[PDB]
Amino acid sequence: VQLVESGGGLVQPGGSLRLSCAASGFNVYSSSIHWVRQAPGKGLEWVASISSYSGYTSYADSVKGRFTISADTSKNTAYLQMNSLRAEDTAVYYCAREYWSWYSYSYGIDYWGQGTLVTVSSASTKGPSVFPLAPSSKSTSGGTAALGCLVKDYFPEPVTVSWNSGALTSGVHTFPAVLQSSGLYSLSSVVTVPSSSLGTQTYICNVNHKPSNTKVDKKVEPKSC
Amino acid sequence: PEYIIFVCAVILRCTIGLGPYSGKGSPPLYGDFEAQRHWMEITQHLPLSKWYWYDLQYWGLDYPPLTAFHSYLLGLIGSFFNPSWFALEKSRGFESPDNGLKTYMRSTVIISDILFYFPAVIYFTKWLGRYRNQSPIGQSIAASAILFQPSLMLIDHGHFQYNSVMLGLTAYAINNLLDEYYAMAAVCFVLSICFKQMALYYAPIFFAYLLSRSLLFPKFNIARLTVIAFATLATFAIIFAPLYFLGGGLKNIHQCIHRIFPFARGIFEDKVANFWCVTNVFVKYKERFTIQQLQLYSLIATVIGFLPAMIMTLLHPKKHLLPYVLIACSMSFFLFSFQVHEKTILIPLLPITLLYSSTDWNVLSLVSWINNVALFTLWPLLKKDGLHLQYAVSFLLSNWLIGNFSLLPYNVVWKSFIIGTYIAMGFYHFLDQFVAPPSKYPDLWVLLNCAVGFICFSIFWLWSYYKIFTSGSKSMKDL
Amino acid sequence: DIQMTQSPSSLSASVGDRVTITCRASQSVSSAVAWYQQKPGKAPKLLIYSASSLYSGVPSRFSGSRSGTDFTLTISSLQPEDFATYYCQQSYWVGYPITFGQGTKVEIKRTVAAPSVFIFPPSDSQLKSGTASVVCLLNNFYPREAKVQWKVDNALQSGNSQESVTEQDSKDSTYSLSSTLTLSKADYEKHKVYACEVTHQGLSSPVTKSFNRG
Ligand SMILES: CC(C)=CCC/C(C)=C/CC/C(C)=C\CC/C(C)=C\CC[C@H](C)CCOP(=O)(O)O[C@@H]1O[C@H](CO)[C@@H](O)[C@H](O)[C@H]1O
């Protein structure tokens with residue numbers, strides 16, 4: 001009663017993949033598998049389907065030919081082969097069941113796969129570059145003192161950052177990474193303090209990328225003017 | 001003494017069985033001939049638990065088992081004659097220059113006809129004549145008119161379907177009904193279903209008829225009830241067991257069932273002399289309602305149609321009433337169902353043609369009229385299937401040899417109507433052969449056909465209900 | 001061919017309120033439309049199918065309906081644990097492609113707030129990297145609708161700026177925002193004064209924040 005996905009990772013454009021979805025305790029010849037993909041930060045979008053009784057594949061008007069769905073009830077498995085993989089096809093992918101009945105009486109999409117990530121890109125795994133969001137030298141003393149640190153030119157996802165290595169976890173913000181045109185990413189850690197307290201407390205942010213296995217730390221301070 | 005028909009009929013059939021197989025020169029996905037060849041191919045190379053799963057996008061098996069078994073037998077024999085014809089995944093689109101394998105398939109169709117269609121109708125006419133003590137010449141004519149029914153002869157030979165088998169099986173069912181061998185009649189029926197699910201149209205009759213006769217009509221008899229329950233269930237079990245046991249089991253039973261009755265698709269995509277194909281062009285159902293509303297309205301329509309006939313059957317089961325009520329129910333089904341194609345009309349044409357044996361003149365006139373009409377409403381299929389000529393060949397032949405040169409009922413109303421429709425048919429045959437459609441919507445003539453057939457069939461079915469209600473006068477039954 | 005227009009783009013309503021989402025069909029040839037809920041991160045969960053049947057396992061404050069071609073969903077007693085994105089989804093029949101809505105995000109309604117603005121120039125560390133990247137921040141405002149414009153040496157730049165927001169906070173439930181702007185090292189050095197101008201509903205008078213180089 002719970003689908004599972006398998007097969008997902010970086011693939012250069014022109015590449016190919018074959019995502020697999022395995023069922024659990026329900027026949028897959030009576031469910032009309034769909035493959036619903038969601039682009040990052042966008043709405044859901046259906047891709048391909050099946051009828052499970054008459055092999056009626058129907059591919060969305062963007063994936064004519066480049067993809068090909070398939071099924072196998074011998075082992076309750078469903079496959080989606082991918083052949084072109086243009087740069088924008090990066091997304092999350094779910095397999096989804098939908099149980100029709102007599103008189104075309106739908107029953108909705110009961111069971112959803114947990115979801116796999118797919119990243120279509122052409123670039124080498126790169127480590128991050130940090131620059132401190134130094135607090136304004138002429139900041140208003142006592143009150144608002146907002147500072148942070150920027151990470152830029154890192155690939156792929158994800159990256160984690162903290163302040164004073166967990167010793168500063170109040171009023172903090174982590175802006176989602178935006179895939180800049182050059183192809184890398186970037187983001188930032190921000191927090192504010194009393195400006196009087198700023199002249200007292202030490203502040204060091206702490207960044208770590210699991211894919212590159214790289215830990216960096218950095219003290220932030222107002223540039224001397 | 002009279003067997004001359006028994007041979008000239010076969011000569012006629014084989015002479016027609018020279019035309020084009022359906023879908024001749026159809027590169028990507030051929031016609032029906034290819035479907036039959038392909039089922040015979042894949043039935044003799046895969047385990048029993050893989051006949052329904054193999055290739056469900058290329059003519060995957062579609063009929064109940066008996067079609068599978070019969071095609072398996074014929075495939076065995078054809079392989080014996082030559083295995084190179086049935087090359088698995090290779091002879092997919094066999095097209096021999098020397099016309100190999102074509103004469104073979106035609107011989108198969110002919111033999112199936114001879115075995116399961118001829119003797120049934122022949123013995124049935126024998127029975128009726130015997131009971132009514134008529135001239136043997138009369139009975140010979142009453143059989144030779146039937147066997148030359150043009151529509152069926154054309155659709156079996158050339159277009160290549162085995163409708164004959166299921167037809168004759170239901171004929172045997174009717175016979176066994178006449179001679180009260182009910183326990184065998186039920187079995188002939190259940191056999192006829194399992195060859196083509198399309199013959200479910202008569203179930204609303206046989207259900208009520210057997211029910212009344214055995215259970216209720218003479219007395220509240222009980223024995224025969226368990227008899228027939230024994231027999232029918234036995235038939236179903238012995239015909240489905242090779243699937244469940246020797247195959248994947250209940251999985252394969254469920255796949256078979258849902259592969260016999262596939263879910264509905266599209267709305268009114270085929271032009272047939274149905275009820276919706278006609279009124280769709282005015283009211284444009286596509287926008288008025290959803291799909292489930294139409295699948296419910298069609299069901300209610302068919303039930304409302306064949307209900308009165310079922311009630312009257314349960315009320316007055318009499319041997320001299322069957323052809324009428326069978327026509328009532330078959331026509332109720334073919335007139336209002338949701339997805340009907342260009343054929344199926346043959347399935348009402350069984351209890352229509354079974355009427356030639358009657359003594360009245362109006363009935364014979366009407367029956368010949370409607371057979372001509374039915375032959376007509378199949379013209380588009382033929383035209384887009386070749387058969388430029390055989391259409392008119394058999395059209396002529398059947399009308400000639402039934403005595404149409406000396407003809408019409410004894411009533412100007414019916415006469416005016418029949419002649420008008422005949423003009424219409426003649427008329428239409430021009431508007432396509434030389435005239436082009438207005439190009440504002442080209443496929444019009446076909447819709448003109450979808451139309452002109454509907455009026456005919458509707459009035460016919462109404463006259464069938466008429467003949468039911470007006471009769472039941474406890475007439476001599478020798479009619 | 002086939003699609004659905006989900007309206008409106010975005011609502012806000014606090015607890016207890018009752019609200020309604022509409023979904024204008026394209027051709028009403030089928031009545032199988034489902035309404036799904038998605039929390040961030042997870043996979044959507046079925047709520048309503050066959051256009052009126054409540055799913056088994058969902059509180060009954062939800063109620064669907066069909067109006068000819070204008071399907072409709074209603075929530076009566078909006079609880080705080082019901083804020084997610086809701087999707088209309090139509091499927092015609094078996095072998096026919098299906099299509100989803102465009103997305104509807106409920107969120108909390110509250111008082112306006114003011115976006116605290118700040119700005120940061122590139123640092124010498126980045127001045128070794130090869131490019132400059134100025135940034136300016138907005139914080140703790142409401143409503144979420146706001147905008148900023150870069151203005152460098154008295155101009156109005158465009159195309160080379162990127163903006164980002166986070167999700168509404170849990171405790172105080174407001175938004176922040178960053179807008180960065182990338183230039184080549186010599187490009188940034190070509191100009192002297194830099195600014196970004198904030199406009200926002202909660203902002204009575206659109207403010208500017210600027211600095212000369214150094
Ligand atoms: C006492 C007894 C025997 C009771 C029997 C009760 C039975 C047999 C009930 C059967 C009804 C059932 C189990 C389900 C109803 C079927 C359904 C919900 C939808 C059916 C959809 C299709 C369209 C109807 C069945 O399909 P079918 O009966 O096989 O009709 C063929 O539809 C083709 C369409 O193009 C034609 O081309 C072809 O000519 C024609 O034969």
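Start at 1 and count along the chain as shown; that gives each residue its number.
Any Cβ shown, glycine's included, is placed from N, Cα and C.
Topology check against Swiss-Prot: B:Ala171 and B:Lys271 carry an identical topological domain name and occupy the same side of the membrane. Below 8 A, the CB atoms of the transmembrane segment (B:296-316) and the transmembrane segment (B:444-464) form no more than two pairs separated by six or more positions in the chain, fewer than 3 in all. Sequence-distant contacts of the transmembrane segment (B:109-129), counting only residues of its own chain at least 6 positions beyond either end whose CB sits under 8 Å from a CB of the stretch, comprise 6, 9-10, 13-14, 17, 70, 136, 138-139, 142-143, 146-147, 156-157, 160, 162, 164-165, 167-169, 171-172, 174-175, 178-179, 354, 356-357. The highest tally of CB pairs under 8 A with the transmembrane segment (B:320-340), across B:68-88, B:187-207, B:227-247, B:362-382, B:417-437, is held by B:187-207. Broken down by DSSP into helix, strand and coil, the topological domain 'Lumenal' (B:130-186) contains 43 helix, 0 strand, 14 coil. Listed as Cβ neighbours of the transmembrane segment (B:187-207) (distance under 8 Å, sequence separation of 6 or more from its ends, same chain) are residues 63-67, 70, 162-163, 165-166, 169-170, 172-173, 176, 231-232, 235-236, 239, 260-261, 306, 309-310, 313, 322, 325-326, 329-330, 333-334, 344, 347-348. Across the 28-residue gap left unmodelled in the deposited entry, the distance from the Cα of B:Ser406 to the Cα of B:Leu407 comes to 6 Å. Counting same-chain residues at least six beyond the ends of the transmembrane segment (B:68-88), those with a Cβ under 8 angstroms from any Cβ of the stretch are 36-37, 39-45, 51, 61, 94, 100-101, 104, 108, 112, 162, 165, 195.
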